[PDB]
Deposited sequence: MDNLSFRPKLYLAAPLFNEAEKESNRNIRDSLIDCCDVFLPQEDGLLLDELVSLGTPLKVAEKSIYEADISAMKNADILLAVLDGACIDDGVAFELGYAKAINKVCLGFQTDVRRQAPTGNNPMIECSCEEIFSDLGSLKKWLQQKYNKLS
């Protein structure tokens, strides 16, 4: 089969966000290995600058290990952790994709140019994401 490695970059600050990341992960598991930052032992609010540093390095690793970075763009604004991770993964030449069901945008003209142009594709639904993934490989 070959199971590509996927890193889900996504806000994880309330249970709706965390339940929604699980949904995306369960939808991809028959395709791809999925790293989920919220399930990777280290979560902040549960040692301040050492927890921060531990979270940071664990995320950098997981990004380096992945083939794909899926960035969840939903929210009143695009989360800054997600944007940073999107730019880092682009610069080390990962395949970069966006997931966006939200009606809100940065400006009437859509997402920021650095988000819109770094994602090869931005998807509004999981099925299109899954078919696009299978044709890419």
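Counting from 1 along the deposited sequence, what's missing?
Comparing the full sequence with the modelled residues, the uncovered ranges come out as 1-4, 51-56, 148-151.
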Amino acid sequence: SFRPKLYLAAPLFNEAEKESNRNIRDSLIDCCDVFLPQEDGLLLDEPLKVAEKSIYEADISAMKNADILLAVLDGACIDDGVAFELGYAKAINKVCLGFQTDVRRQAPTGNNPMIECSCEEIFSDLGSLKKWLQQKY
From here on, numbers count along this sequence of modelled residues.
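Look over 34-42 and 70-78 in the entry and identify the one with the greater average Cα temperature factor.
Looking at the record's C-alpha B-factors, the answer is 34-42.
Comparing 50-58 with 89-97, which stretch shows the greater average C-alpha B-factor in the deposited entry?
The stretch with the larger mean CA B-factor is 50-58.
Based on the deposited C-alpha B factors for this chain, I'd like to know if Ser27 is in the lowest, middle or highest third.
Ranked within chain, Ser27 CA B lands in the middle tercile.
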